[PDB]
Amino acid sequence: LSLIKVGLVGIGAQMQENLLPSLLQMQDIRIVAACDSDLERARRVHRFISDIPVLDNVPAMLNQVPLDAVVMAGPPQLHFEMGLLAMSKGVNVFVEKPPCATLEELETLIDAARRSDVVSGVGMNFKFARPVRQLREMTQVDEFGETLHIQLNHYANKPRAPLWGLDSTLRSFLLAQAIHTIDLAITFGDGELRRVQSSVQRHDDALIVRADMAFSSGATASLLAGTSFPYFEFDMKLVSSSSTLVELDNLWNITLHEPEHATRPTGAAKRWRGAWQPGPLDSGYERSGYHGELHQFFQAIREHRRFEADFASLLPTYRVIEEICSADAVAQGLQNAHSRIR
């Protein structure tokens, strides 16, 4: 296969922990430049690949190094600005979430993606996580019937203050975290988003966000998310029209509840379920989705088709984010005037 030539931007924590390692073990791709404002961070790639250029700004990299793609892991502002620059030069663009800070910015990125006709992508790794893929495959099987209801629980401890210079801690949380689980909702909903209701509770610097979504397919989704928890954890469920209930705990173990489940020593006795977890030595970046999201991005480049987590795919997710922030602004407003008056 022809080698895909990749330039890296923002060699910080998520680049070093997850993306770079995935790229390093990724077939038929070559990393040919690294860029970071702090050039010493860029040179971290020399620990793996000697000699390749390190640059302190993206424009220099785009001008000196021939590239089929850039993979970026920085702030929304980086992804937005340089994202547009890279696309304007005909380079395919993969960025960590969030791709940008606003719906209107996303619409700008979408429009540029279409005009430049390049493959775009966002690092929505939950979508590509092996156990999530397995669940998605279940929804395609006849005996599962239809997905009626999706429940998502997404715990985190931060952010407890605004990020990237945004005024709002809620908007920061939605873009830093909930973006993942809202997108999972849109993914399993499978059909057009038809209604969104939501609410936000605050306590000190902590948040609990509840969002409910209905889809044209008839399916509903409910998300509990926030920063009022000790650490990042994630659990989801699916309820199907054939009375199948599927639970995925921590992207690790699956529990499958269905009428008339059996084992051979017992036959179909009341209350048997199926359970599944990985083997003890499960490793790499598939279970977590980093491998999958990059692999498919590159594939979409090879066959010049759409990448499933391109900018446009995020359109419904940004609408939900916007709606969650608008409703909260109204709620806050009313409560503030209430008090001001009483």
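Start at 1 and count along the sequence shown; that's the residue number.
Chemist: Tell me which stretch has the larger mean Cα B-factor in this entry, 105-113 or 221-229.
Modeler: Here the higher of the two C-alpha B-factor means belongs to 105-113.
Chemist: Determine, for stretches 261-269 and 77-85, which one has the higher mean CA B-factor as deposited.
Modeler: Averaged over C-alpha atoms, the B-factors run higher in 261-269.
Chemist: Name the one of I182, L248, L193, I150 with the greatest CA B-factor according to the PDB entry.
Modeler: Out of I182, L248, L193, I150, the record gives the largest C-alpha B-factor to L193.
Chemist: What third of the chain, by the recorded C-alpha B-factor, contains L1?
Modeler: It falls in the top third of the chain.
Chemist: Among the modelled residues of this chain, does the Cα B factor of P159 put it in the lowest, middle or highest third?
Modeler: CA B-factor rank for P159: middle third.
Chemist: Would the CA B-factor of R47 place it in the lowest, middle or highest third of its chain?
Modeler: Answer is middle: the recorded C-alpha B-factor places it there.
Chemist: Lowest, middle or highest third of the chain for the C-alpha temperature factor of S22?
Modeler: It falls in the middle third of the chain.
Chemist: Using the temperature factors of the C-alpha atoms in this entry, rank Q16 within its chain: lowest, middle or highest third.
Modeler: Middle third of the chain for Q16's C-alpha B-factor.
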